[PDB]
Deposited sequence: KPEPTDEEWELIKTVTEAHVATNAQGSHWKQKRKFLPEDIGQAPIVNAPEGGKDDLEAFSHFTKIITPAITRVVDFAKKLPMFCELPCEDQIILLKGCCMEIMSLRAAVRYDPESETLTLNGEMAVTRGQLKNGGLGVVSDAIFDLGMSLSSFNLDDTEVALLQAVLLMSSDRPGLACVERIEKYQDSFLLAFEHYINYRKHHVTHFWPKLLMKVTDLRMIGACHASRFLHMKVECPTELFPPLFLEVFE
């Protein structure tokens, strides 16, 4: 079963080091975790003060996705209007992927920004609705997979280089980038010999879960255009989720 070619190893190293350089709290996220107090976000009689809280919490997270994409030579070799479309498409998916790998079954929490443990209820009643369940259930299943930095990174790049996004000029350039990443990812999987059976199809199904998460936000934002003016949220949140 084929393992990485030399060109794929160089590609694996580029994307891994871009991930590692932009992953919040690198590896000292394990003990920089402060748990959001149970007072913010439980069942209603959702609260607009927890929604605003999360809106400021997610803005560093978006910034780190942009930095991740700018560290890919392939991503930079693209017209600016394509970069914008690609980033808007994959931002939520990558952030949800970065939170879901930091799932802890003891506390049943994800950690945001390498620092903040939240529960399924806090995120749900803080604005995310069913998407909260989708990210946690994703977190619970990924525990089996033991994904390392390289695999997460490759996942991010595959999400990032989605050539099916509306408005893209160089659909074919994107698609041959994504297929480089896809081959590289599959061969690395082959080399790592995870004990889980049929790891690669099971992974392909998790990408779809991520794409589902990313695509539920033409729903969960009209969730919160109803009660407030636009000026209350940080500019960068509004630009990615509009």
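Gaps in the model relative to the deposited sequence occur at one place only, 46-53.
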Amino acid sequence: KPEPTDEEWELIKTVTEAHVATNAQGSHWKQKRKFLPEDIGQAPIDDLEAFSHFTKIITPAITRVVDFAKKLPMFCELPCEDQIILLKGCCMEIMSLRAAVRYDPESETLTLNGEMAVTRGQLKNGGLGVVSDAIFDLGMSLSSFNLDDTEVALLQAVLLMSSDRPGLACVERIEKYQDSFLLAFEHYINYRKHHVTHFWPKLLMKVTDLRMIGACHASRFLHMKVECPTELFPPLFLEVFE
From here on, numbers count along this sequence of modelled residues.
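Per-stretch averaging of Cα B factors for 88-96 and 104-112 places 104-112 on top. Higher mean CA temperature factor, per the PDB entry, when comparing 19-27 with 223-231: 223-231.
Across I189, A69, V207, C216, the entry's maximum B-factor at the CA atom is seen for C216. When the C-alpha B-factors of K202, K32, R211, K176 are ranked from the entry, the top spot goes to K32. Looking at the C-alpha B-factors along this chain, the one for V65 belongs to the lowest third. In the deposited entry, the Cα temperature factor of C170 sits in the top third of values across the chain's modelled residues.
Per the deposited record, the Cα B-factor of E242 falls in the highest third when ranked against the other modelled residues of its chain. The entry lists a Cα temperature factor for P79 that places it in the highest third of the chain's modelled residues. Among the modelled residues of the chain, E151 sits in the lowest third by CA temperature factor in this PDB entry.
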